[PDB]
């Protein structure tokens, strides 16, 4: 079982007040990441190709560049697990965080593609999640979900040993074209979104409601 709390140790940078400085610094940062993170480098190079193919079929937000696009395609890829881990366990040893640039671009990508829109999404896991009664909840790491409860419950993501999250999010982003699917109706949720209403039902169902945007514990850490 894993704990569900306010994710006090997760690198949750929202980059308030440093977007301009980051867009200028992140490119160098990305090189540093690659030098210390072979897996990321591979994931990114492949993601880059894919993005070249996807980019022409549609128009993106002003400022939304190849870094944002490549970062997002990559997240829907296999690099997601390690990245999520590194973020979730940031405070546990911030010295070995080699996703400084990745984190920023992915965070920025979602912020740029975002609107006021809220969604009813579902998320399945094969690991039991226990809410430790903090009063509110944040995933900490970025977290994928699906508009379809069917997907979330498929043998792909869920099992009796796990948990089914029924989430009401307003910072989540529908990123169909970016995914490798595109049939899982993925909605990407930033780890810093806060759910003011938490409710466990049965042994493996958790409802998260009253989403709200709050300040993060970290801000412009690498700016």
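Numbering follows the first chain given and starts at 1.
Taking the PDB entry as given, 141-149 carries the higher mean Cα B factor of the two stretches 141-149 and 99-107. When 114-122 is weighed against 82-90, 114-122 comes out higher, by mean CA B-factor as recorded in the entry. Highest CA B-factor among 38, 29, 186, 166, as stated in the entry: 186.
Per-chain ranking of the deposited C-alpha B factor places residue 56 in the highest third. Residue 191: CA B factor in the lowest third of modelled residues in this chain (values from the PDB entry). For residue 69, the recorded CA B-factor ranks within the lowest third of the chain. Only modelled residues enter the ranking. The PDB entry assigns residue 203 a C-alpha temperature factor belonging to the highest third of its chain's modelled residues. Residue-level temperature factors show residue 45 in the lowest third of its chain, judged at the C-alpha atom.
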